[PDB]
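Residue 19 in the authors' numbering sits at position 19 of the sequence shown, and the numbers go up by one each step.
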Amino acid sequence: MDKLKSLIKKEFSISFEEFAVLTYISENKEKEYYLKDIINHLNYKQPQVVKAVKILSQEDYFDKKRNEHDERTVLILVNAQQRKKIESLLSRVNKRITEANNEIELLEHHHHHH
């Protein structure tokens, strides 16, 4: 695994694909979303986005439901407590990404090996 991906996964119990799902959700801030539309926008593949959504639903970040007119389509819903939890997570991950870069820059500013 990548070092920053491993650092985020160890700290938050969720991988960078889940952070990308939550980032897209925050960039499109609403009470409701379509899983089909999230799959179309994200760079990750359909089953990767499904696994990230599955993990985030199991971790209670949002609620999954079937569409009532055509059950092939799936929605994702965000309650007021979930909205605050998503902003809190995204800010803490951004803080850890920043601090990880600050440690890398400090290690490169420090003396190198012979």
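Just so it is clear, CB atoms sit at the ideal spot from N, CA and C, and this is done for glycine as well.
Using the beta-carbon count (16 or more within 10 Å), is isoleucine 104 buried or exposed? Stepping through the sequence shown from its first residue, residue 104 is reached at position 104. Taking a 10 Å sphere around the C-beta of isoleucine 104, we find fewer than 16 other C-beta atoms and assign the residue as exposed.
Candidates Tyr44, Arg92, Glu17: closest to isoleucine 55 by CA position: The count along the sequence shown starts at 1 and reaches residue 55 at position 55. Answer by Cα proximity: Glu17.
If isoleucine 25 and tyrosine 34 are in contact, beta carbons under 8 Å, what's the gap, nearest whole angstrom? Taking the sequence shown and counting its residues from 1, the one referred to as residue 25 is at position 25. Taking the sequence shown and counting its residues from 1, the one referred to as residue 34 is at position 34. Wrong, their Cβ atoms sit about 11 Å apart, outside the cutoff.
Kindly list the residues whose CB is nearer than 8 Å to the CB of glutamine 46, restricted to its own chain and excluding five residues on each side of it in sequence; keep chain order. The sequence position of residue 46 within the sequence shown is 46, counting from 1. Taken in chain order, the residues that qualify are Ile39.
Any chance you could list the alpha helix (DSSP H) runs of at least 4 consecutive residues sitting entirely within the region 77-109, in chain order? Entirely contained in the region 77-109, the alpha helix (DSSP H) runs reaching 4 residues are, in chain order, 80-109.
From the DSSP output, in three-state form, read off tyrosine 33 for me. If you number the sequence shown from 1, residue 33 lands on position 33. The DSSP-derived three-state label of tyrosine 33 is strand.
May I ask you to report which of helix, strand or coil DSSP gives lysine 51? The count along the sequence shown starts at 1 and reaches residue 51 at position 51. DSSP places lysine 51 in the helix class (H, G or I) of the three-state scheme.
With DSSP collapsed to three states, give me the class of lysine 9. The residue given as residue 9 occupies position 9 in the sequence shown. Correct three-state label for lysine 9: helix.
Leaving aside the five residues before and after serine 15 along the sequence, list all residues of the same chain whose C-beta is less than 8 Å from its C-beta, in chain order. Numbered from its first residue, the sequence shown carries residue 15 at position 15. Within the same chain, and ignoring the five residues on either side of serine 15 in sequence, the residues whose Cβ sits closer than 8 Å to its Cβ are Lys5, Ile8, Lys9, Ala52, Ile55.
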